Amino acid sequence: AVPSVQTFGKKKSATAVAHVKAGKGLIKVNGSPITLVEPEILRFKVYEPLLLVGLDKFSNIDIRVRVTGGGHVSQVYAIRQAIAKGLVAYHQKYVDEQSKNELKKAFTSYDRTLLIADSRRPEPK
Amino acid sequence: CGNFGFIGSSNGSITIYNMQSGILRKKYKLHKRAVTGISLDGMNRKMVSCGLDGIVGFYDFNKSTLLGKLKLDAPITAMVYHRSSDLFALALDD
Amino acid sequence: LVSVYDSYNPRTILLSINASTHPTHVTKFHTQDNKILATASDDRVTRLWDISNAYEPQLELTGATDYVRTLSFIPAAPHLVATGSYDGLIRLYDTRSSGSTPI
Amino acid sequence: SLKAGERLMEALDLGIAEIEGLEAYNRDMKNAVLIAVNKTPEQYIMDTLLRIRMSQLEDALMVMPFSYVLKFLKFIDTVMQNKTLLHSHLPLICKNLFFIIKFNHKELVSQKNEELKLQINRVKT
Amino acid sequence: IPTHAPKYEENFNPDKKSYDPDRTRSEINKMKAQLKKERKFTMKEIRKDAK
Amino acid sequence: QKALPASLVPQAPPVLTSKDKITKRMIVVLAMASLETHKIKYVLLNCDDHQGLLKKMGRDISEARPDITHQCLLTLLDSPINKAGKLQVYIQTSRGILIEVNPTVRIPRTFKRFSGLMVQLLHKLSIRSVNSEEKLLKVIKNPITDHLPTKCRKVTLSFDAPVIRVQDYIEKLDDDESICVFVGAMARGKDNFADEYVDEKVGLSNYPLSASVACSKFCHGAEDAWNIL
Amino acid sequence: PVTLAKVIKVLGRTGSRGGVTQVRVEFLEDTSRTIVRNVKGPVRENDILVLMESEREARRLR
Amino acid sequence: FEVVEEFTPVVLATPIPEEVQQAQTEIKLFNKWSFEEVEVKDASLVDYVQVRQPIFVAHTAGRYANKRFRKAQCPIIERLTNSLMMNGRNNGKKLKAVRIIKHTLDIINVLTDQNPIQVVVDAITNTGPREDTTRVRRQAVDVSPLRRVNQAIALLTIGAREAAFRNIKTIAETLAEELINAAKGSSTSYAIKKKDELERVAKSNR
RNA sequence: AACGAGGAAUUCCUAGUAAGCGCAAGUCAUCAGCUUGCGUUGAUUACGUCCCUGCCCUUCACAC
């Protein structure tokens, strides 16, 4: 079977499901290229993982992301978290663990929200 | 750590692979003659190489930079690196 | 009034300068230096404005006894500025110096 | 009203003003409140030190600028000649003197004042 | 500098009602307001009586 | 041989208001104005007309004189400097209500009519033109500091302060700035009404001055200083 | 000229006015010299303050 | 000496614009301004004007109100964007503020060739009041660096907002003028005048 | 005729908070002159101090 991994990203009610499989660098969001994600002002937000680790790593995989719920911003954050988590999971499962560590180090160095869900749970005081 | 493997070629190139997946990661090109020794310290930070041209290169494996270069009078035949004390001996041609 | 607009963006107006109460026939950017603007007016003074500072001219060249309708910047000589009036004289100025009197 | 430390600073200014005055007066030859209270300047400052509660004492001492610490040291030096006062309040002087030195030790050592070196030497022995 | 005069009603009273140019327009406003005040009072008394 | 301005037609100077904060100006704050209303119809409380009522209110009748505040408003607005559009008048009532006076206004001359306006102003919070084209008198929000020009020199009138030449003081002061004078329209008392705002206090003459004459004397010096003529 | 002073201790139980904190600051130019000053904003140790005048000593502000 | 980590040219089946790849090379604000050369001129403001972490867009969705001094770590541009949205009508609209700041940085680069982020940092350094008054009359006190940063951002934003409230100018252009003037140190900026007034009144009651 | 963001005084508020936007439901009391839910966008300023104003509490080692 084709090697594949699945991951989830969540921000408020926005949920993104990312499938990462062996491939030829085909990144899609809701059946469209990643370049067409909107709003354009926040597009680079979704690009943040792809640029942090370099496009070479993506050149060998296809990523398909399906997003539902929430608004524009929450969907953008869901997409980026899903892409990062899926990439790290794929490098864990079907590539060396050293690359996994390098990816985790880079992402947590830049923004830990890319991996850990940001849940603003209420705190009575 | 058992993650990387260094191969020294007779044409002066050092190729670094990953043992788990056998995928090439980095290639270092300083020596023009055959590389007769490679070693990496216990901390996986500073890397040292030697070649028949007589130069001993000092590398920073993390940053992939040339820390320094040392030229010896004669060609170098073999290398033994002691990780505990950070001393390495070189068997020179003379 | 002299206005500077983003080319290809008519809606936006970057900078608006009231160079003089008289008509301002010539408004040419300096080829060597981007930030400085020269405006020649029927007031017969060819003020040399700066984009960053629009309230007062960086320099004001004078000495033209009639309308100045011609302004040119000499290539390779950023300090030099040439203005020609209907007096029949072509006046050359040195902005590096104090100026306001043709060289 | 005046708080701990602020009271001590006021007392140091008064008592050491007279101690400087008499020494200059004696050197050349070779106030109302103290007269009203009928106490020698050593006692007046020493009396003020006693009234400060111990829980507020350390916090009171830190508030003083350095220029009063030099005043504080001379007060201790002046007390030394009065053996009766010293053995009466020996534990109190020792605790306060050490806390002052420990708190601003760095700034004390920097000074090159020869007179200060002699005072601590006398205060030491 | 241009000069103008202030507009004001001599012997102003804020509790008093703003003067209206039209008498019919003023009078109806008086009659409408009496209706709202009178209607609100009558409903209030009826509700209390019913309770 | 400087060329002339293109158009020499006389052009009315701009009307200067709170919104404009860059232009040079001379501001007069008639501090502690005595302007209050009360029912008998509502009437502006007066020192001589209403003695019986004010005794009941408990405030001392000596400090119940709007005529001083009217008087200062009269002289300031008819001064040439206001005619030159370089003057704007602010009034601080004793109670703490702050009134903006548009320079355009033409207050009625007789003191009786003036009292008619104040009650409307204090109650309607604004006064409108006869032609209804701008608001002449408008109440605004304390503190006075925010409405004043951003870069501005503040002074008060103190009899005890050193005497200065108003002309000399203005010229030595910078240009892009503006000047505020806090004058006490109150009849008599300590000169601390504006001490919270002001930085330093000055006197115009060794001799004592009424609120009206002091304002006239100061504004004229600016006219000579600024070449207002 | 303006001096720079690094806070080394935020004094407590000083009885200062609300929102004003008494601190002890050592000059960067001379680490030895120390001076006690009043600070208006949120202040913590190891931050640097710009002192216009280096002579005045702080006094309790009530 | 060379170290080579890529042996095959990277072509992705999904087309990616060339600008995005040059962004792969280095992180730049809006992919147009580099954080490498920006430095805070005043030493005191360092550790409270945060420019070390390059970001692509001002929107970060971070948590900076939890602890007392987290606002320091927040990038300065994002704080400027946040301070840009006020007066109720603009409350909740961060995307508009990001667009305004993008346009303003473009304008600043246009009028002056300097790096716009450098101009922003210079303005924030220059408009920070170094000595203030407290009501007792008044009496002079010093100001903490965080309060300087906060008041500098607030003064710049409020001045730019007021200048274009009832003027033909748009917020972006007046903000650009305010930042340029403040970085220059000129009096023409509202923030510089307010700062000078505060320091002068503090000096009077010193 | 009235009006161009609303004076003095006074009230509330510390993070998914203030504020803006709409969509649903009407659940035995209340509510439609409206009430309650739901999601979306989402900040500034404090997070110290008892100086002022109120309320409150006190007078089994070692070390003190």
# chains A, B, ... in the order shown; residues from 1 in each chain; ligands from 1
>>> interface_residues(of="chain B", to="chain A", cutoff="12 Å", atoms="only C-alpha atoms", output="short mmCIF file (atom, residue, chain, number, x, y, z; two decimals) with N, CA and C atoms, in the first residue's frame")
data_model
loop_
_atom_site.label_atom_id
_atom_site.label_comp_id
_atom_site.auth_asym_id
_atom_site.auth_seq_id
_atom_site.Cartn_x
_atom_site.Cartn_y
_atom_site.Cartn_z
N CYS B 1 25.96 8.99 18.15
CA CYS B 1 24.53 8.77 18.26
C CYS B 1 24.05 7.65 17.34
N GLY B 2 24.88 7.24 16.38
CA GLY B 2 24.51 6.16 15.49
C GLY B 2 23.52 6.54 14.42
N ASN B 3 23.37 7.84 14.13
CA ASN B 3 22.44 8.30 13.12
C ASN B 3 23.10 8.57 11.77
N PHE B 4 24.37 8.98 11.76
CA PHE B 4 25.04 9.43 10.55
C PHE B 4 26.19 8.49 10.20
N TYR B 17 25.61 10.37 5.16
CA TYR B 17 24.35 9.67 4.98
C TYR B 17 23.66 9.51 6.33
N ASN B 18 22.41 9.08 6.29
CA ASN B 18 21.65 8.75 7.49
C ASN B 18 21.44 7.24 7.53
N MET B 19 21.82 6.63 8.66
CA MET B 19 21.84 5.17 8.74
C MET B 19 20.43 4.59 8.71
N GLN B 20 19.47 5.27 9.33
CA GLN B 20 18.13 4.71 9.45
C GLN B 20 17.49 4.50 8.08
N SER B 21 17.60 5.48 7.19
CA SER B 21 16.98 5.41 5.88
C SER B 21 17.97 5.36 4.73
N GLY B 22 19.27 5.50 4.99
CA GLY B 22 20.25 5.45 3.92
C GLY B 22 20.07 6.53 2.88
N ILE B 23 19.72 7.74 3.31
CA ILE B 23 19.49 8.87 2.42
C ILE B 23 20.60 9.88 2.63
N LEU B 24 21.13 10.41 1.54
CA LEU B 24 22.23 11.36 1.63
C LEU B 24 21.72 12.69 2.16
N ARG B 25 22.47 13.30 3.07
CA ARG B 25 22.08 14.55 3.71
C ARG B 25 23.00 15.71 3.38
N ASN B 62 27.19 20.91 13.17
CA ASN B 62 25.86 21.49 13.32
C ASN B 62 25.62 22.61 12.31
#
>>> residues_around(residues="segment 65-71 of chain B", least_positions_apart="4", cutoff="7 Å", atoms="only C-alpha atoms (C1' of nucleotides)", output="list in words")
residues 54, 55, 56, 57, 58, 59 and 60 of chain B
>>> write_last_selection(atoms="C-alpha atoms", output="PDB file, in the first residue's frame")
ATOM      1  CA  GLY B  54      48.556  16.933   4.377  1.00  0.00           C
ATOM      2  CA  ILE B  55      45.779  19.279   5.530  1.00  0.00           C
ATOM      3  CA  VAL B  56      43.610  18.662   8.588  1.00  0.00           C
ATOM      4  CA  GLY B  57      40.228  20.373   8.347  1.00  0.00           C
ATOM      5  CA  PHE B  58      38.128  21.356  11.356  1.00  0.00           C
ATOM      6  CA  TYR B  59      34.373  21.505  10.786  1.00  0.00           C
ATOM      7  CA  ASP B  60      31.318  22.486  12.813  1.00  0.00           C
TER       8      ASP B  60
END
>>> select_by_dssp(residues="segment 147-188 of chain H", states="helix (DSSP H, G or I)", output="number ranges by chain")
H: 147-163, 171-184
>>> write_last_selection(atoms="N, CA and C atoms", output="short mmCIF file (atom, residue, chain, number, x, y, z; two decimals), in the first residue's frame")
data_model
loop_
_atom_site.label_atom_id
_atom_site.label_comp_id
_atom_site.auth_asym_id
_atom_site.auth_seq_id
_atom_site.Cartn_x
_atom_site.Cartn_y
_atom_site.Cartn_z
N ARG H 147 6.71 51.33 29.73
CA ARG H 147 5.78 52.44 29.62
C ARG H 147 6.18 53.36 28.48
N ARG H 148 7.49 53.52 28.26
CA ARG H 148 7.95 54.32 27.12
C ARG H 148 7.49 53.71 25.81
N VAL H 149 7.67 52.40 25.65
CA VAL H 149 7.25 51.75 24.41
C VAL H 149 5.74 51.90 24.21
N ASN H 150 4.97 51.63 25.27
CA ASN H 150 3.52 51.72 25.18
C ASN H 150 3.08 53.12 24.79
N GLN H 151 3.62 54.13 25.47
CA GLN H 151 3.19 55.49 25.20
C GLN H 151 3.68 55.97 23.84
N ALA H 152 4.84 55.49 23.38
CA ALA H 152 5.30 55.85 22.05
C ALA H 152 4.36 55.32 20.98
N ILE H 153 4.00 54.04 21.08
CA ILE H 153 3.07 53.46 20.12
C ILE H 153 1.74 54.21 20.17
N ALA H 154 1.24 54.47 21.37
CA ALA H 154 -0.05 55.14 21.51
C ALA H 154 0.00 56.55 20.91
N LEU H 155 1.07 57.29 21.18
CA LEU H 155 1.18 58.65 20.67
C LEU H 155 1.25 58.66 19.15
N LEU H 156 2.07 57.78 18.56
CA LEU H 156 2.14 57.74 17.11
C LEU H 156 0.79 57.41 16.50
N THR H 157 0.12 56.38 17.03
CA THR H 157 -1.16 55.97 16.46
C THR H 157 -2.21 57.06 16.62
N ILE H 158 -2.27 57.70 17.79
CA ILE H 158 -3.31 58.69 18.02
C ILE H 158 -3.05 59.94 17.19
N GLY H 159 -1.79 60.35 17.06
CA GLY H 159 -1.48 61.49 16.21
C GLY H 159 -1.85 61.23 14.76
N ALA H 160 -1.47 60.06 14.24
CA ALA H 160 -1.82 59.74 12.86
C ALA H 160 -3.33 59.67 12.69
N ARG H 161 -4.03 59.11 13.67
CA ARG H 161 -5.48 58.99 13.59
C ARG H 161 -6.15 60.36 13.58
N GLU H 162 -5.67 61.27 14.44
CA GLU H 162 -6.29 62.59 14.53
C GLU H 162 -6.00 63.43 13.30
N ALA H 163 -4.80 63.30 12.73
CA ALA H 163 -4.42 64.15 11.61
C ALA H 163 -5.35 63.94 10.42
N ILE H 171 -5.55 57.18 6.48
CA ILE H 171 -4.79 56.81 7.67
C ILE H 171 -3.38 56.38 7.31
N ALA H 172 -3.22 55.60 6.25
CA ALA H 172 -1.91 55.07 5.91
C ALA H 172 -0.92 56.19 5.63
N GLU H 173 -1.33 57.19 4.85
CA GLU H 173 -0.41 58.24 4.45
C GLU H 173 -0.02 59.13 5.62
N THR H 174 -1.00 59.52 6.44
CA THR H 174 -0.69 60.35 7.60
C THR H 174 0.16 59.58 8.61
N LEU H 175 -0.09 58.28 8.77
CA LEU H 175 0.76 57.47 9.63
C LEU H 175 2.18 57.42 9.08
N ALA H 176 2.32 57.30 7.76
CA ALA H 176 3.65 57.31 7.16
C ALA H 176 4.37 58.61 7.46
N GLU H 177 3.68 59.74 7.30
CA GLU H 177 4.30 61.03 7.60
C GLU H 177 4.68 61.11 9.07
N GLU H 178 3.80 60.65 9.96
CA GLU H 178 4.08 60.69 11.39
C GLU H 178 5.32 59.87 11.72
N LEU H 179 5.41 58.65 11.19
CA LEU H 179 6.55 57.80 11.48
C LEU H 179 7.83 58.40 10.92
N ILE H 180 7.79 58.91 9.69
CA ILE H 180 8.98 59.48 9.08
C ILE H 180 9.46 60.68 9.89
N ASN H 181 8.54 61.58 10.24
CA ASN H 181 8.92 62.75 11.03
C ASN H 181 9.46 62.36 12.39
N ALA H 182 8.82 61.40 13.07
CA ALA H 182 9.29 61.00 14.39
C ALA H 182 10.68 60.38 14.31
N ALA H 183 10.91 59.51 13.32
CA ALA H 183 12.24 58.91 13.18
C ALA H 183 13.28 59.98 12.88
N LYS H 184 12.92 60.98 12.07
CA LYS H 184 13.85 62.07 11.80
C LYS H 184 14.21 62.81 13.08
#
>>> closest_atom_pairs(of="chain I", to="chain G", cutoff="10 Å", atoms="only C-alpha atoms (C1' of nucleotides)", output="JSON lines")
{"residue": "I:46", "atom": "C1'", "partner": "G:42", "partner_atom": "CA", "distance": 9.1}
{"residue": "I:48", "atom": "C1'", "partner": "G:19", "partner_atom": "CA", "distance": 7.4}
{"residue": "I:49", "atom": "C1'", "partner": "G:18", "partner_atom": "CA", "distance": 5.6}
{"residue": "I:50", "atom": "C1'", "partner": "G:15", "partner_atom": "CA", "distance": 8.1}
{"residue": "I:51", "atom": "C1'", "partner": "G:17", "partner_atom": "CA", "distance": 4.3}
{"residue": "I:52", "atom": "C1'", "partner": "G:18", "partner_atom": "CA", "distance": 8.7}
>>> write_last_selection(atoms="N, CA and C atoms (P, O5', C5', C4', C3', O3' and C1' of nucleotides)", output="PDB file, in the first residue's frame")
ATOM      1  P     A I  46       0.253  49.725  31.191  1.00  0.00           P
ATOM      2  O5'   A I  46      -0.479  49.540  32.589  1.00  0.00           O
ATOM      3  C5'   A I  46       0.055  48.672  33.573  1.00  0.00           C
ATOM      4  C4'   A I  46      -0.958  48.360  34.642  1.00  0.00           C
ATOM      5  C3'   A I  46      -0.739  47.058  35.390  1.00  0.00           C
ATOM      6  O3'   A I  46       0.228  47.164  36.417  1.00  0.00           O
ATOM      7  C1'   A I  46      -2.983  47.181  34.696  1.00  0.00           C
ATOM      8  P     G I  48       1.906  41.377  39.752  1.00  0.00           P
ATOM      9  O5'   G I  48       2.608  42.697  40.305  1.00  0.00           O
ATOM     10  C5'   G I  48       2.614  42.988  41.695  1.00  0.00           C
ATOM     11  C4'   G I  48       3.016  44.416  41.972  1.00  0.00           C
ATOM     12  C3'   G I  48       2.659  44.944  43.357  1.00  0.00           C
ATOM     13  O3'   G I  48       3.657  44.638  44.316  1.00  0.00           O
ATOM     14  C1'   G I  48       1.918  46.474  41.712  1.00  0.00           C
ATOM     15  P     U I  49       3.367  44.798  45.887  1.00  0.00           P
ATOM     16  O5'   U I  49       2.731  46.252  46.026  1.00  0.00           O
ATOM     17  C5'   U I  49       3.551  47.397  46.212  1.00  0.00           C
ATOM     18  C4'   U I  49       2.727  48.626  46.507  1.00  0.00           C
ATOM     19  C3'   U I  49       1.898  48.575  47.779  1.00  0.00           C
ATOM     20  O3'   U I  49       2.654  48.908  48.929  1.00  0.00           O
ATOM     21  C1'   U I  49       0.574  49.392  45.986  1.00  0.00           C
ATOM     22  P     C I  50       3.012  47.782  50.015  1.00  0.00           P
ATOM     23  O5'   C I  50       1.648  47.571  50.809  1.00  0.00           O
ATOM     24  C5'   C I  50       1.301  48.400  51.913  1.00  0.00           C
ATOM     25  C4'   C I  50       0.555  49.636  51.477  1.00  0.00           C
ATOM     26  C3'   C I  50      -0.264  50.319  52.569  1.00  0.00           C
ATOM     27  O3'   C I  50      -0.253  51.729  52.374  1.00  0.00           O
ATOM     28  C1'   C I  50      -1.692  49.666  50.808  1.00  0.00           C
ATOM     29  P     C I  51       0.866  52.634  53.082  1.00  0.00           P
ATOM     30  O5'   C I  51       0.910  53.940  52.175  1.00  0.00           O
ATOM     31  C5'   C I  51       1.291  55.197  52.708  1.00  0.00           C
ATOM     32  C4'   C I  51       0.721  56.323  51.889  1.00  0.00           C
ATOM     33  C3'   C I  51      -0.785  56.505  51.968  1.00  0.00           C
ATOM     34  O3'   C I  51      -1.191  57.222  53.120  1.00  0.00           O
ATOM     35  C1'   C I  51      -0.106  56.560  49.708  1.00  0.00           C
ATOM     36  P     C I  52      -2.623  56.940  53.788  1.00  0.00           P
ATOM     37  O5'   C I  52      -3.660  57.469  52.704  1.00  0.00           O
ATOM     38  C5'   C I  52      -3.740  58.850  52.389  1.00  0.00           C
ATOM     39  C4'   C I  52      -4.858  59.130  51.420  1.00  0.00           C
ATOM     40  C3'   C I  52      -6.230  58.617  51.823  1.00  0.00           C
ATOM     41  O3'   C I  52      -6.890  59.466  52.744  1.00  0.00           O
ATOM     42  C1'   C I  52      -5.807  58.054  49.567  1.00  0.00           C
TER      43        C I  52
END
>>> interface_residues(of="chain F", to="chain E", cutoff="8 Å", atoms="only C-alpha atoms", output="MDAnalysis selection string")
chainID F and resid 12:15 41:42 82:85 104:107 113 116:117 119:120 123:124 127:130 136
>>> write_last_selection(atoms="C-alpha atoms", output="tab-separated table (two decimals), in the first residue's frame")
chain	number	residue	atom	x	y	z
F	12	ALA	CA	-10.85	86.65	4.67
F	13	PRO	CA	-8.52	84.99	7.20
F	14	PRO	CA	-9.48	81.47	8.30
F	15	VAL	CA	-11.73	81.00	11.31
F	41	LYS	CA	-38.26	81.19	34.56
F	42	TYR	CA	-34.55	80.40	34.79
F	82	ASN	CA	-9.65	88.78	16.70
F	83	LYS	CA	-10.48	90.77	13.58
F	84	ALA	CA	-7.19	89.33	12.27
F	85	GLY	CA	-8.26	85.77	13.08
F	104	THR	CA	-16.87	84.77	14.73
F	105	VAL	CA	-19.44	85.47	17.46
F	106	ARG	CA	-20.89	88.95	18.04
F	107	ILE	CA	-22.17	89.01	21.63
F	113	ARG	CA	-29.28	90.58	26.60
F	116	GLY	CA	-30.31	85.94	28.09
F	117	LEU	CA	-27.78	84.02	26.02
F	119	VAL	CA	-28.93	80.60	30.32
F	120	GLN	CA	-29.71	79.15	26.89
F	123	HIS	CA	-29.07	74.65	29.18
F	124	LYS	CA	-29.01	73.96	25.42
F	127	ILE	CA	-25.87	78.23	20.40
F	128	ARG	CA	-26.58	78.48	16.66
F	129	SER	CA	-26.25	81.32	14.17
F	130	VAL	CA	-29.15	83.46	13.03
F	136	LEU	CA	-20.94	79.94	17.74
